[PDB]
file entry.txt (compact mmCIF, C-alpha atoms and all ligand atoms)
# COMPACT_ATOMS: atom_id res chain seq x y z
CA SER A 1 -3.47 -10.14 -116.91
CA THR A 2 -6.67 -9.91 -119.00
CA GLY A 3 -8.58 -11.88 -121.70
CA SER A 4 -11.29 -10.71 -124.24
CA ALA A 5 -13.30 -13.23 -126.28
CA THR A 6 -16.28 -12.83 -128.83
CA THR A 7 -19.39 -14.89 -128.07
CA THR A 8 -21.79 -15.41 -131.12
CA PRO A 9 -25.44 -16.60 -131.04
CA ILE A 10 -25.85 -20.20 -132.03
CA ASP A 11 -28.98 -19.47 -134.19
CA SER A 12 -31.09 -16.56 -135.31
CA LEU A 13 -33.18 -16.45 -132.10
CA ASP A 14 -30.09 -16.09 -129.81
CA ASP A 15 -31.18 -19.33 -128.05
CA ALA A 16 -27.49 -19.46 -126.79
CA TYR A 17 -24.04 -18.01 -127.24
CA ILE A 18 -20.82 -19.98 -128.12
CA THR A 19 -17.30 -18.57 -127.30
CA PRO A 20 -14.03 -20.13 -128.69
CA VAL A 21 -11.77 -21.64 -126.02
CA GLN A 22 -8.31 -23.18 -126.45
CA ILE A 23 -7.70 -26.42 -124.51
CA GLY A 24 -4.47 -28.29 -124.49
CA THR A 25 -0.96 -28.21 -126.12
CA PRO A 26 -0.95 -27.47 -128.87
CA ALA A 27 -4.38 -25.73 -128.65
CA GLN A 28 -7.55 -27.55 -129.36
CA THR A 29 -10.32 -24.93 -130.06
CA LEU A 30 -13.81 -25.90 -128.99
CA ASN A 31 -16.75 -23.50 -128.74
CA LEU A 32 -18.20 -23.55 -125.28
CA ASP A 33 -21.46 -22.12 -123.87
CA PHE A 34 -20.44 -19.79 -121.04
CA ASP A 35 -22.73 -20.64 -118.15
CA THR A 36 -23.19 -18.53 -115.06
CA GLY A 37 -25.64 -20.95 -113.31
CA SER A 38 -23.33 -24.00 -113.39
CA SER A 39 -19.72 -24.66 -112.21
CA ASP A 40 -18.49 -27.33 -114.49
CA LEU A 41 -16.11 -27.02 -117.46
CA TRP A 42 -16.98 -30.13 -119.44
CA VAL A 43 -16.31 -30.94 -123.14
CA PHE A 44 -17.16 -33.34 -125.88
CA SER A 45 -14.23 -35.79 -125.98
CA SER A 46 -12.42 -38.75 -127.39
CA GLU A 47 -14.01 -40.83 -124.66
CA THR A 48 -17.60 -39.73 -125.44
CA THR A 49 -19.86 -42.58 -126.44
CA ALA A 50 -19.63 -42.54 -130.19
CA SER A 51 -23.36 -42.78 -130.87
CA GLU A 52 -23.92 -39.67 -128.78
CA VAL A 53 -21.64 -37.40 -130.79
CA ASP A 54 -23.03 -35.68 -133.95
CA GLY A 55 -20.94 -32.98 -135.59
CA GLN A 56 -19.57 -31.57 -132.31
CA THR A 57 -15.83 -30.88 -132.02
CA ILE A 58 -14.23 -33.27 -129.53
CA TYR A 59 -11.33 -32.77 -127.11
CA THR A 60 -8.70 -35.61 -127.50
CA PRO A 61 -6.59 -35.54 -124.31
CA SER A 62 -4.32 -38.11 -125.92
CA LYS A 63 -3.04 -35.33 -128.22
CA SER A 64 -2.27 -32.69 -125.63
CA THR A 65 1.13 -32.70 -123.88
CA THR A 66 -0.22 -30.84 -120.91
CA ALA A 67 -3.19 -33.18 -120.26
CA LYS A 68 -3.10 -35.29 -117.07
CA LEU A 69 -5.77 -37.78 -116.03
CA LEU A 70 -6.98 -36.86 -112.43
CA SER A 71 -7.12 -40.40 -111.16
CA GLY A 72 -10.42 -41.55 -109.74
CA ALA A 73 -12.18 -38.19 -110.25
CA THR A 74 -15.70 -38.55 -111.64
CA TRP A 75 -18.38 -35.91 -112.39
CA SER A 76 -22.08 -35.95 -113.09
CA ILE A 77 -24.38 -32.95 -113.76
CA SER A 78 -27.99 -32.33 -114.57
CA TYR A 79 -29.62 -29.07 -115.47
CA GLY A 80 -32.89 -27.13 -115.27
CA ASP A 81 -34.08 -28.36 -118.63
CA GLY A 82 -33.38 -31.98 -117.75
CA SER A 83 -30.31 -32.36 -119.91
CA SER A 84 -27.43 -34.30 -118.38
CA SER A 85 -23.85 -35.43 -118.78
CA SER A 86 -21.15 -37.20 -116.72
CA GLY A 87 -17.75 -38.85 -117.03
CA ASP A 88 -14.05 -38.36 -116.03
CA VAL A 89 -11.60 -35.57 -115.48
CA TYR A 90 -8.22 -34.31 -116.78
CA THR A 91 -6.40 -31.17 -115.91
CA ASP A 92 -4.90 -29.23 -118.90
CA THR A 93 -4.17 -25.55 -119.83
CA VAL A 94 -7.11 -23.44 -121.02
CA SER A 95 -6.96 -20.13 -122.70
CA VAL A 96 -9.93 -17.76 -123.13
CA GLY A 97 -9.28 -14.69 -125.18
CA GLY A 98 -5.59 -14.55 -124.42
CA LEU A 99 -5.99 -15.41 -120.68
CA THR A 100 -4.23 -18.64 -119.88
CA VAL A 101 -4.99 -20.90 -116.97
CA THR A 102 -2.69 -23.82 -116.16
CA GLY A 103 -4.01 -26.79 -114.19
CA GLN A 104 -7.62 -26.35 -115.08
CA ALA A 105 -9.92 -29.24 -114.51
CA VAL A 106 -11.47 -30.22 -117.85
CA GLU A 107 -14.25 -32.59 -117.43
CA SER A 108 -14.45 -35.05 -120.15
CA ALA A 109 -17.86 -36.42 -121.13
CA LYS A 110 -18.40 -40.13 -121.43
CA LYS A 111 -22.15 -39.93 -121.76
CA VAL A 112 -24.27 -36.83 -122.74
CA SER A 113 -28.07 -36.73 -123.03
CA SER A 114 -29.91 -36.64 -126.35
CA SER A 115 -30.36 -32.92 -126.08
CA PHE A 116 -26.61 -32.38 -126.20
CA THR A 117 -26.15 -34.91 -129.06
CA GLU A 118 -28.77 -32.89 -131.02
CA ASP A 119 -27.08 -29.51 -130.58
CA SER A 120 -24.19 -29.55 -133.07
CA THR A 121 -22.87 -26.04 -132.46
CA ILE A 122 -22.22 -26.44 -128.69
CA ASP A 123 -19.12 -28.54 -127.93
CA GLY A 124 -19.65 -28.23 -124.06
CA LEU A 125 -19.97 -25.81 -121.23
CA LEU A 126 -17.77 -23.35 -119.20
CA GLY A 127 -19.43 -22.84 -115.77
CA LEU A 128 -18.91 -19.43 -114.20
CA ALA A 129 -21.10 -19.84 -111.12
CA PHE A 130 -19.48 -20.28 -107.62
CA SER A 131 -17.07 -23.17 -107.11
CA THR A 132 -19.34 -24.80 -104.51
CA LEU A 133 -21.48 -26.09 -107.32
CA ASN A 134 -18.80 -28.09 -109.09
CA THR A 135 -19.78 -31.68 -109.24
CA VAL A 136 -16.40 -33.42 -109.46
CA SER A 137 -16.11 -35.93 -106.75
CA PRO A 138 -14.47 -36.61 -104.53
CA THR A 139 -12.34 -33.61 -104.74
CA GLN A 140 -14.50 -30.54 -105.92
CA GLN A 141 -12.54 -28.57 -108.56
CA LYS A 142 -12.38 -24.77 -108.98
CA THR A 143 -13.90 -22.67 -111.91
CA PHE A 144 -11.99 -21.18 -114.71
CA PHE A 145 -12.65 -17.77 -113.23
CA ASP A 146 -11.49 -18.75 -109.73
CA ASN A 147 -8.25 -20.12 -111.14
CA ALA A 148 -7.69 -16.90 -113.18
CA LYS A 149 -8.62 -14.59 -110.36
CA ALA A 150 -5.04 -14.49 -109.01
CA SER A 151 -3.53 -13.24 -112.26
CA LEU A 152 -6.45 -10.88 -113.10
CA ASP A 153 -5.91 -7.14 -113.13
CA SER A 154 -9.28 -7.17 -111.40
CA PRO A 155 -11.28 -10.17 -110.21
CA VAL A 156 -14.27 -9.25 -112.39
CA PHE A 157 -15.62 -10.66 -115.64
CA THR A 158 -18.22 -8.85 -117.72
CA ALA A 159 -20.91 -10.17 -120.04
CA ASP A 160 -22.12 -8.00 -122.97
CA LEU A 161 -24.52 -10.23 -125.03
CA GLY A 162 -25.77 -9.00 -128.40
CA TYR A 163 -29.25 -8.85 -129.94
CA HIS A 164 -29.00 -11.09 -132.98
CA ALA A 165 -25.32 -10.20 -133.16
CA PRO A 166 -21.92 -11.12 -131.64
CA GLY A 167 -21.09 -9.84 -128.18
CA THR A 168 -17.92 -10.01 -125.86
CA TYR A 169 -16.84 -11.65 -122.54
CA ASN A 170 -13.95 -9.80 -120.85
CA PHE A 171 -11.85 -11.04 -117.88
CA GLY A 172 -9.77 -8.74 -115.76
CA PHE A 173 -11.12 -5.30 -116.71
CA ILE A 174 -14.23 -3.11 -117.39
CA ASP A 175 -14.35 -1.59 -120.94
CA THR A 176 -15.82 1.81 -120.20
CA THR A 177 -16.61 2.10 -123.91
CA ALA A 178 -19.07 -0.79 -123.78
CA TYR A 179 -21.88 0.97 -121.81
CA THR A 180 -23.56 4.38 -121.38
CA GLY A 181 -24.01 6.28 -118.05
CA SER A 182 -22.92 4.54 -114.78
CA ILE A 183 -22.94 0.92 -113.58
CA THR A 184 -25.22 0.31 -110.54
CA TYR A 185 -23.92 -2.49 -108.42
CA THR A 186 -26.11 -4.58 -106.12
CA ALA A 187 -25.29 -7.23 -103.50
CA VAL A 188 -25.01 -10.92 -104.33
CA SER A 189 -26.00 -13.90 -102.18
CA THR A 190 -23.64 -16.89 -102.64
CA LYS A 191 -25.62 -19.17 -100.37
CA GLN A 192 -26.96 -21.40 -103.11
CA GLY A 193 -23.80 -20.87 -105.20
CA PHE A 194 -25.60 -18.70 -107.90
CA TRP A 195 -25.00 -15.05 -108.60
CA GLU A 196 -28.15 -14.40 -106.67
CA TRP A 197 -29.43 -10.83 -106.47
CA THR A 198 -32.67 -9.01 -105.75
CA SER A 199 -34.44 -6.89 -108.31
CA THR A 200 -36.18 -3.72 -107.06
CA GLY A 201 -39.35 -4.20 -109.09
CA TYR A 202 -40.66 -3.82 -112.64
CA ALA A 203 -42.65 -1.79 -115.25
CA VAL A 204 -44.68 -3.01 -118.18
CA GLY A 205 -44.40 -0.83 -121.27
CA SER A 206 -44.75 2.78 -120.22
CA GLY A 207 -46.76 1.76 -117.09
CA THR A 208 -45.99 2.78 -113.51
CA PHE A 209 -43.02 0.93 -111.90
CA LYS A 210 -44.08 -1.37 -109.11
CA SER A 211 -41.63 -1.64 -106.20
CA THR A 212 -41.50 -5.29 -105.21
CA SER A 213 -38.38 -7.49 -104.53
CA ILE A 214 -37.78 -10.25 -107.04
CA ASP A 215 -35.01 -12.56 -106.03
CA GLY A 216 -33.34 -14.06 -109.05
CA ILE A 217 -30.09 -15.33 -110.52
CA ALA A 218 -28.05 -13.79 -113.34
CA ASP A 219 -27.82 -16.73 -115.69
CA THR A 220 -26.11 -16.39 -119.09
CA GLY A 221 -26.77 -20.05 -119.83
CA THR A 222 -30.53 -19.84 -119.63
CA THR A 223 -32.28 -18.37 -122.77
CA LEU A 224 -35.44 -16.70 -121.41
CA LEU A 225 -36.55 -14.48 -118.50
CA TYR A 226 -38.47 -16.52 -115.87
CA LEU A 227 -40.50 -14.39 -113.44
CA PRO A 228 -43.14 -14.97 -110.77
CA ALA A 229 -46.60 -15.86 -112.26
CA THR A 230 -47.95 -12.52 -111.04
CA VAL A 231 -45.32 -10.38 -112.71
CA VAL A 232 -45.63 -12.42 -115.85
CA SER A 233 -49.52 -12.20 -116.02
CA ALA A 234 -49.18 -8.43 -115.75
CA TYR A 235 -46.97 -8.33 -118.83
CA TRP A 236 -48.96 -10.53 -121.19
CA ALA A 237 -52.24 -8.95 -120.22
CA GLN A 238 -50.86 -5.94 -122.21
CA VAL A 239 -50.56 -8.08 -125.38
CA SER A 240 -53.78 -8.37 -127.32
CA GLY A 241 -54.16 -12.09 -128.41
CA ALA A 242 -51.72 -13.43 -125.78
CA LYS A 243 -52.59 -16.41 -123.62
CA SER A 244 -51.03 -19.21 -121.64
CA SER A 245 -50.85 -22.37 -123.56
CA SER A 246 -50.87 -25.94 -122.27
CA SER A 247 -49.74 -27.58 -125.48
CA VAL A 248 -46.85 -25.20 -125.92
CA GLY A 249 -46.03 -24.89 -122.26
CA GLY A 250 -45.96 -21.19 -122.27
CA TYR A 251 -47.28 -17.82 -123.05
CA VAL A 252 -47.86 -17.51 -126.78
CA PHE A 253 -48.97 -14.47 -128.75
CA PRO A 254 -49.97 -13.72 -132.41
CA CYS A 255 -46.78 -13.06 -134.37
CA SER A 256 -48.44 -9.79 -135.55
CA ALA A 257 -48.46 -8.18 -132.17
CA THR A 258 -45.97 -5.53 -131.18
CA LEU A 259 -44.73 -6.31 -127.58
CA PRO A 260 -44.33 -3.65 -125.04
CA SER A 261 -40.92 -3.25 -123.38
CA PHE A 262 -40.25 -4.64 -119.83
CA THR A 263 -38.27 -2.52 -117.26
CA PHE A 264 -36.62 -4.30 -114.30
CA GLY A 265 -35.16 -2.50 -111.26
CA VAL A 266 -31.51 -2.40 -110.14
CA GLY A 267 -31.22 -0.33 -106.98
CA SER A 268 -32.62 3.04 -108.13
CA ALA A 269 -31.62 2.29 -111.69
CA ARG A 270 -33.86 0.88 -114.39
CA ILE A 271 -32.98 -1.51 -117.14
CA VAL A 272 -35.40 -1.65 -120.19
CA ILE A 273 -35.75 -4.75 -122.37
CA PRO A 274 -37.13 -3.61 -125.80
CA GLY A 275 -40.33 -5.35 -126.87
CA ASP A 276 -38.60 -6.98 -129.84
CA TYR A 277 -36.12 -8.84 -127.61
CA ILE A 278 -39.19 -10.61 -126.10
CA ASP A 279 -40.24 -11.86 -129.50
CA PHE A 280 -38.99 -15.35 -129.55
CA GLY A 281 -40.49 -16.28 -132.72
CA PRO A 282 -42.94 -18.71 -134.44
CA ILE A 283 -43.68 -21.75 -132.22
CA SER A 284 -43.73 -24.07 -135.20
CA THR A 285 -42.40 -23.42 -138.61
CA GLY A 286 -45.01 -21.22 -140.25
CA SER A 287 -47.45 -20.75 -137.30
CA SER A 288 -49.14 -17.42 -136.72
CA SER A 289 -48.47 -18.03 -133.02
CA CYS A 290 -45.17 -16.73 -131.57
CA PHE A 291 -43.49 -17.89 -128.33
CA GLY A 292 -42.78 -15.15 -125.71
CA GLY A 293 -39.42 -14.40 -124.01
CA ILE A 294 -41.02 -13.82 -120.58
CA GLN A 295 -42.17 -17.03 -118.93
CA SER A 296 -43.39 -17.92 -115.43
CA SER A 297 -41.02 -19.42 -112.87
CA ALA A 298 -43.75 -21.13 -110.74
CA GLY A 299 -42.76 -24.54 -112.01
CA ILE A 300 -38.96 -24.12 -111.83
CA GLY A 301 -38.73 -22.53 -108.46
CA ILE A 302 -36.20 -19.74 -108.81
CA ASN A 303 -36.40 -16.57 -110.84
CA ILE A 304 -33.94 -16.46 -113.76
CA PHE A 305 -32.57 -13.34 -115.42
CA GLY A 306 -31.58 -15.18 -118.53
CA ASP A 307 -30.16 -13.89 -121.86
CA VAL A 308 -33.29 -11.79 -122.73
CA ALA A 309 -32.69 -9.69 -119.76
CA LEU A 310 -28.94 -9.61 -119.74
CA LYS A 311 -28.54 -8.79 -123.51
CA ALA A 312 -30.30 -5.58 -122.57
CA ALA A 313 -27.43 -4.61 -120.34
CA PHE A 314 -23.67 -4.50 -119.77
CA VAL A 315 -23.20 -6.79 -116.87
CA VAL A 316 -20.10 -7.03 -114.50
CA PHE A 317 -19.79 -10.15 -112.25
CA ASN A 318 -17.44 -8.58 -109.63
CA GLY A 319 -15.97 -11.67 -107.99
CA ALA A 320 -14.40 -9.80 -105.13
CA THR A 321 -14.38 -11.33 -101.67
CA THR A 322 -17.79 -9.78 -101.25
CA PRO A 323 -19.22 -10.36 -104.69
CA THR A 324 -21.47 -7.84 -106.41
CA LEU A 325 -23.35 -7.62 -109.77
CA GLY A 326 -23.16 -4.36 -111.69
CA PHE A 327 -25.71 -3.40 -114.43
CA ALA A 328 -25.45 -0.53 -116.92
CA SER A 329 -27.45 0.54 -120.02
CA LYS A 330 -25.81 0.20 -123.40
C1 LIG B 1 -35.79 -24.17 -116.79
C2 LIG B 1 -34.71 -23.26 -116.37
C3 LIG B 1 -33.33 -23.64 -116.84
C4 LIG B 1 -33.14 -23.96 -118.31
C5 LIG B 1 -31.76 -23.48 -118.85
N1 LIG B 1 -31.65 -23.91 -120.27
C6 LIG B 1 -32.06 -23.06 -121.25
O1 LIG B 1 -32.47 -22.00 -121.00
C7 LIG B 1 -31.91 -23.66 -122.68
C8 LIG B 1 -30.54 -23.07 -123.20
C9 LIG B 1 -30.18 -23.86 -124.46
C10 LIG B 1 -30.06 -23.15 -125.70
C11 LIG B 1 -29.75 -23.91 -126.80
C12 LIG B 1 -29.58 -25.27 -126.77
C13 LIG B 1 -29.71 -25.96 -125.54
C14 LIG B 1 -30.03 -25.20 -124.43
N2 LIG B 1 -32.98 -23.15 -123.59
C15 LIG B 1 -34.24 -23.53 -123.51
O2 LIG B 1 -34.60 -24.36 -122.69
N3 LIG B 1 -35.17 -22.99 -124.36
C16 LIG B 1 -36.56 -23.41 -124.28
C17 LIG B 1 -37.41 -22.23 -124.51
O3 LIG B 1 -37.00 -21.62 -125.78
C18 LIG B 1 -35.69 -21.03 -125.59
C19 LIG B 1 -34.73 -22.03 -125.32
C20 LIG B 1 -30.66 -24.29 -118.07
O4 LIG B 1 -30.86 -25.45 -117.81
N4 LIG B 1 -29.58 -23.63 -117.83
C21 LIG B 1 -28.34 -24.31 -117.32
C22 LIG B 1 -27.29 -24.52 -118.35
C23 LIG B 1 -27.66 -24.99 -119.73
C24 LIG B 1 -28.07 -26.39 -119.81
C25 LIG B 1 -28.38 -27.01 -121.17
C26 LIG B 1 -27.25 -26.64 -122.15
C27 LIG B 1 -26.95 -25.21 -122.15
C28 LIG B 1 -26.69 -24.57 -120.79
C29 LIG B 1 -27.88 -23.58 -116.06
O5 LIG B 1 -26.65 -24.08 -115.67
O6 LIG B 1 -27.64 -22.16 -116.31
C30 LIG B 1 -28.84 -23.73 -114.87
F1 LIG B 1 -28.68 -22.74 -113.98
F2 LIG B 1 -30.05 -23.59 -115.25
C31 LIG B 1 -28.62 -25.02 -114.15
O7 LIG B 1 -29.22 -26.11 -114.40
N5 LIG B 1 -27.81 -25.02 -113.07
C32 LIG B 1 -27.65 -26.35 -112.37
call {"tool": "encode", "arguments": {"input": "entry.txt", "output": "structure tokens", "more": "lines below"}}
Ligand SMILES: CCCC[C@H](NC(=O)[C@H](Cc1ccccc1)NC(=O)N1CCOCC1)C(=O)N[C@@H](CC1CCCCC1)C(O)(O)C(F)(F)C(=O)NC
result
Amino acid sequence: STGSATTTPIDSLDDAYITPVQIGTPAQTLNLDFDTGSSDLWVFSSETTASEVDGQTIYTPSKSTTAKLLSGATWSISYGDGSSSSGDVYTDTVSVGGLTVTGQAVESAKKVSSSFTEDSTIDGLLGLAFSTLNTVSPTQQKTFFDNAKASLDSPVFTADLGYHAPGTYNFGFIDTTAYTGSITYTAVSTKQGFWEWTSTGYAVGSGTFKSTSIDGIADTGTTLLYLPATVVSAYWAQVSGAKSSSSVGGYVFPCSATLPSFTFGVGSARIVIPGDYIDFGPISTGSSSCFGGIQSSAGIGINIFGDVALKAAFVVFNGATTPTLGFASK
């Protein structure tokens, strides 16, 4: 079996991608952020504290015939940006893109932080990292993908993010029309439960490639590219008024710059992020100072290939028994 769903940026900087998902019987449609660095499917719900919901679409398990409370399960997550949510758990049927999974744990928020409340177009998350990270206690629950994987023609999904434009997640199959040339696949480490891989090095603009291993995670739920403070200095040194800013917390640059591209290595292959994908945009409505898309990881403590990097590529998460990550140009 297969499924094919359209994800669409939430805003005109592609800060994040929402993808329609059907939960329950009959279907409730919520739009979920597809998250490869987390392993919880959680949703806005009927049980969500009322003062914390603001225009989001809520799951009402009371209305679904397939919904069962999972008695005493609780869950509680917190993420890189300090956002958090917790609450209780049903199981229910979930479809993505035609692909149906029965008995999926759907974690129902009771309490979300302010950051969630603020973001009206995201009605919760669909984790796609490794099931080890799921936070439901006391019985850890499986991911959407792990539940599908039985049924799948092929235990891969693929991510094909767009630059200011809709893009597609596919389960079960590789669209050989979606990419040019060949996919290079590269080993994953599951140890910390991330799709963990190692980049082969980098180029700035039309500079020389440096060979150098950068360990990072492929993370569709993280907006920017976060690189070691060395790699990142190299890049912004090539941008005329660019500097590191304490008030902004970041690398800023005059909006009037052109950015050079960034190449990252995948085995012997090279992926090139066009300069314009790096252009985040104005830091504050009407400032002549723009925020960059390439940011240092020193403070976070892993390297993240976020959406800037992965929208440059057609990406396969091959969830075989030995997982791999495949990258191709498109
Ligand atoms: C500092 C490094 C991590 C930050 C990363 N978040 C991000 O990258 C959020 C994504 C977002 C877009 C729109 C609205 C709200 C959030 N964006 C963000 O912080 N910025 C600030 C810089 O401008 C660009 C957008 C993150 O926490 N990713 C989570 C999942 C998200 C959490 C917040 C809601 C959206 C999804 C993650 O699961 O992928 C994780 F790996 F980082 C994680 O915490 N695993 C436990």
call {"tool": "residues_near_ligand", "arguments": {"input": "entry.txt", "ligand": "ligand LIG 1 (chain B)", "cutoff": "6 Å", "atoms": "all atoms listed in the file", "output": "MDAnalysis selection string"}}
result
chainID A and resid 15:16 35:38 79:81 83 219 221:223 300
call {"tool": "atom_distance", "arguments": {"input": "entry.txt", "atom1": "CA of residue 105 in chain A", "atom2": "CA of residue 194 in chain A"}}
result
20.0 Å
call {"tool": "closest_residue", "arguments": {"input": "entry.txt", "among": "A:206, A:108, A:120, A:211", "to": "residue 53 in chain A", "atoms": "only C-alpha atoms"}}
result
A:120
call {"tool": "atom_distance", "arguments": {"input": "entry.txt", "atom1": "CA of residue 89 in chain A", "atom2": "CA of residue 110 in chain A"}}
result
10.1 Å
call {"tool": "atom_distance", "arguments": {"input": "entry.txt", "atom1": "CA of residue 13 in chain A", "atom2": "CA of residue 217 in chain A"}}
result
21.8 Å
call {"tool": "closest_residue", "arguments": {"input": "entry.txt", "among": "A:39, A:22, A:321, A:57", "to": "residue 121 in chain A", "atoms": "all atoms listed in the file"}}
result
A:57
call {"tool": "closest_residue", "arguments": {"input": "entry.txt", "among": "A:210, A:243, A:149, A:111", "to": "residue 1 in chain A", "atoms": "all atoms listed in the file"}}
result
A:149
call {"tool": "residues_around", "arguments": {"input": "entry.txt", "residues": "range 169-175 of chain A", "least_positions_apart": "3", "cutoff": "9 Å", "atoms": "all atoms listed in the file", "output": "PyMOL selection string"}}
result
chain A and resi 1-7+19+96-97+99+145+148-149+151-161+178-179+316
call {"tool": "closest_residue", "arguments": {"input": "entry.txt", "among": "A:40, A:47, A:92, A:107", "to": "residue 78 in chain A", "atoms": "only C-alpha atoms"}}
result
A:40
call {"tool": "residues_near_point", "arguments": {"input": "entry.txt", "point": "(-33.5, -3.7, -103.8)", "cutoff": "7 Å", "atoms": "all atoms listed in the file", "output": "mmCIF file with C-alpha atoms, in the frame of the given file"}}
result
data_model
loop_
_atom_site.group_PDB
_atom_site.id
_atom_site.type_symbol
_atom_site.label_atom_id
_atom_site.label_comp_id
_atom_site.auth_asym_id
_atom_site.auth_seq_id
_atom_site.Cartn_x
_atom_site.Cartn_y
_atom_site.Cartn_z
ATOM 1 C CA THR A 198 -32.670 -9.010 -105.750
ATOM 2 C CA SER A 199 -34.440 -6.890 -108.310
ATOM 3 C CA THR A 200 -36.180 -3.720 -107.060
ATOM 4 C CA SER A 213 -38.380 -7.490 -104.530
ATOM 5 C CA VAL A 266 -31.510 -2.400 -110.140
ATOM 6 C CA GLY A 267 -31.220 -0.330 -106.980
#
call {"tool": "closest_residue", "arguments": {"input": "entry.txt", "among": "A:109, A:129, A:309, A:294", "to": "residue 48 in chain A", "atoms": "all atoms listed in the file"}}
result
A:109
call {"tool": "residues_around", "arguments": {"input": "entry.txt", "residues": "residue 70 in chain A", "least_positions_apart": "3", "cutoff": "12 Å", "atoms": "all atoms listed in the file", "output": "PDB file with C-alpha atoms, keeping the file's coordinate frame"}}
result
ATOM      1  CA  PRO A  61      -6.590 -35.540-124.310  1.00  0.00           C
ATOM      2  CA  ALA A  67      -3.190 -33.180-120.260  1.00  0.00           C
ATOM      3  CA  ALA A  73     -12.180 -38.190-110.250  1.00  0.00           C
ATOM      4  CA  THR A  74     -15.700 -38.550-111.640  1.00  0.00           C
ATOM      5  CA  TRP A  75     -18.380 -35.910-112.390  1.00  0.00           C
ATOM      6  CA  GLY A  87     -17.750 -38.850-117.030  1.00  0.00           C
ATOM      7  CA  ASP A  88     -14.050 -38.360-116.030  1.00  0.00           C
ATOM      8  CA  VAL A  89     -11.600 -35.570-115.480  1.00  0.00           C
ATOM      9  CA  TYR A  90      -8.220 -34.310-116.780  1.00  0.00           C
ATOM     10  CA  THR A  91      -6.400 -31.170-115.910  1.00  0.00           C
ATOM     11  CA  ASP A  92      -4.900 -29.230-118.900  1.00  0.00           C
ATOM     12  CA  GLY A 103      -4.010 -26.790-114.190  1.00  0.00           C
ATOM     13  CA  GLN A 104      -7.620 -26.350-115.080  1.00  0.00           C
ATOM     14  CA  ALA A 105      -9.920 -29.240-114.510  1.00  0.00           C
ATOM     15  CA  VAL A 106     -11.470 -30.220-117.850  1.00  0.00           C
ATOM     16  CA  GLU A 107     -14.250 -32.590-117.430  1.00  0.00           C
ATOM     17  CA  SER A 108     -14.450 -35.050-120.150  1.00  0.00           C
ATOM     18  CA  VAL A 136     -16.400 -33.420-109.460  1.00  0.00           C
ATOM     19  CA  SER A 137     -16.110 -35.930-106.750  1.00  0.00           C
ATOM     20  CA  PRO A 138     -14.470 -36.610-104.530  1.00  0.00           C
ATOM     21  CA  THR A 139     -12.340 -33.610-104.740  1.00  0.00           C
ATOM     22  CA  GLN A 140     -14.500 -30.540-105.920  1.00  0.00           C
ATOM     23  CA  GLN A 141     -12.540 -28.570-108.560  1.00  0.00           C
TER      24      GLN A 141
END
call {"tool": "build_atoms", "arguments": {"input": "entry.txt", "residues": "range 142-153 of chain A", "atoms": "N, CA and C atoms", "output": "PDB file, in the coordinates of the input"}}
result
ATOM      1  N   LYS A 142     -12.075 -26.215-108.898  1.00  0.00           N
ATOM      2  CA  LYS A 142     -12.380 -24.770-108.980  1.00  0.00           C
ATOM      3  C   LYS A 142     -12.889 -24.402-110.378  1.00  0.00           C
ATOM      4  N   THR A 143     -13.590 -23.253-110.547  1.00  0.00           N
ATOM      5  CA  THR A 143     -13.900 -22.670-111.910  1.00  0.00           C
ATOM      6  C   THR A 143     -12.699 -22.078-112.541  1.00  0.00           C
ATOM      7  N   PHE A 144     -12.798 -22.027-113.881  1.00  0.00           N
ATOM      8  CA  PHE A 144     -11.990 -21.180-114.710  1.00  0.00           C
ATOM      9  C   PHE A 144     -11.734 -19.828-114.139  1.00  0.00           C
ATOM     10  N   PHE A 145     -12.822 -19.167-113.719  1.00  0.00           N
ATOM     11  CA  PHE A 145     -12.650 -17.770-113.230  1.00  0.00           C
ATOM     12  C   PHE A 145     -11.864 -17.760-111.939  1.00  0.00           C
ATOM     13  N   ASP A 146     -12.184 -18.736-111.036  1.00  0.00           N
ATOM     14  CA  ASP A 146     -11.490 -18.750-109.730  1.00  0.00           C
ATOM     15  C   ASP A 146      -9.998 -18.992-109.859  1.00  0.00           C
ATOM     16  N   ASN A 147      -9.625 -19.959-110.694  1.00  0.00           N
ATOM     17  CA  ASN A 147      -8.250 -20.120-111.140  1.00  0.00           C
ATOM     18  C   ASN A 147      -7.630 -18.882-111.758  1.00  0.00           C
ATOM     19  N   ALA A 148      -8.298 -18.080-112.527  1.00  0.00           N
ATOM     20  CA  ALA A 148      -7.690 -16.900-113.180  1.00  0.00           C
ATOM     21  C   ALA A 148      -7.455 -15.837-112.169  1.00  0.00           C
ATOM     22  N   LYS A 149      -8.288 -15.820-111.122  1.00  0.00           N
ATOM     23  CA  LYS A 149      -8.620 -14.590-110.360  1.00  0.00           C
ATOM     24  C   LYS A 149      -7.333 -13.984-109.744  1.00  0.00           C
ATOM     25  N   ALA A 150      -6.338 -14.795-109.593  1.00  0.00           N
ATOM     26  CA  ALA A 150      -5.040 -14.490-109.010  1.00  0.00           C
ATOM     27  C   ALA A 150      -4.255 -13.490-109.891  1.00  0.00           C
ATOM     28  N   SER A 151      -3.868 -13.907-111.079  1.00  0.00           N
ATOM     29  CA  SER A 151      -3.530 -13.240-112.260  1.00  0.00           C
ATOM     30  C   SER A 151      -4.357 -12.102-112.754  1.00  0.00           C
ATOM     31  N   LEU A 152      -5.608 -11.960-112.458  1.00  0.00           N
ATOM     32  CA  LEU A 152      -6.450 -10.880-113.100  1.00  0.00           C
ATOM     33  C   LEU A 152      -6.102  -9.543-112.671  1.00  0.00           C
ATOM     34  N   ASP A 153      -6.143  -8.502-113.571  1.00  0.00           N
ATOM     35  CA  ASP A 153      -5.910  -7.140-113.130  1.00  0.00           C
ATOM     36  C   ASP A 153      -6.875  -6.806-111.981  1.00  0.00           C
TER      37      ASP A 153
END
